[PDB]
């Protein structure tokens, strides 16, 4: 027996997001559907396993869950559970819209209840500290709302989706200023640096969700978001040797969700005949990086360190 570290949900999250990116190429490149289906089935399978393992954690290691929940830093990773649940729902929609819709509502109600209970509680003061100002806060505050937005749009609830989209977008712009100031002043310790990948998530998950809700119209907002997204990509690329100062490790899966979301947005830019060359590069880049994550991960489930 062992208690599953909640951050592991980042793995099926990244693979699910990548399935959806490929799904959106099927009409341009039919073989894309098989690639999407394979990734989607693997993501769903891993999600099922991790859900069962987390159920075990709740039953037999509840005090560990309680402690992560009340931590002003570690609580954020719990949002990965409803986020991944929604993305699995989006995947499954291609086969069974009824089950997909159940998962989407469970994830949406769950994430909203989670943030209403815990994110607001921080405003009581005295628990969260300056050192609690971590990229992971984006998970409950931003990513979860964007995921609800795009999943609700998939179900045909575009205007409700806009509400969640707005919550996520404004929450992002309201937190990032203090996060980047904190990173400038305080050197984030090596053990947390892989979570710098989450800094890439807001702009690309934002544009991906936006394009899902607005019928794929590549407009001025979408281009603005891509621009800041690439800026952050370049910054993180420059920072990569510092990020992995103490070695390559499994936390690097933090980059899969934002990169897959970048790839997803690239399919819409391509369909809209906007920056097609950039779109191709972005889509290929994301896939290569996530492929490397998969390979490094196999070259290790092997050694039994996963």
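Numbering follows the first chain given and starts at 1.
- The stretch with the higher mean CA B factor, choosing between 85-93 and 159-167, is 85-93.
- Note on 149-157 vs 223-231: mean CA B-factor is higher in 149-157.
- Residues shown: 69, 257, 242, 270. Highest C-alpha temperature factor in the entry: 242.
- Of the candidates 196, 139, 112, 100, the one whose C-alpha carries the top B factor in the deposited record is 100.
- Residue-level temperature factors show residue 190 in the highest third of its chain, judged at the C-alpha atom.
- In this PDB entry, the Cα temperature factor of residue 118 sits in the middle third of its chain's modelled residues.
- The entry lists a Cα temperature factor for residue 124 that places it in the middle third of the chain's modelled residues.
- Among the modelled residues of the chain, residue 80 sits in the lowest third by CA temperature factor in this PDB entry.
- Residue-level temperature factors show residue 216 in the highest third of its chain, judged at the C-alpha atom.
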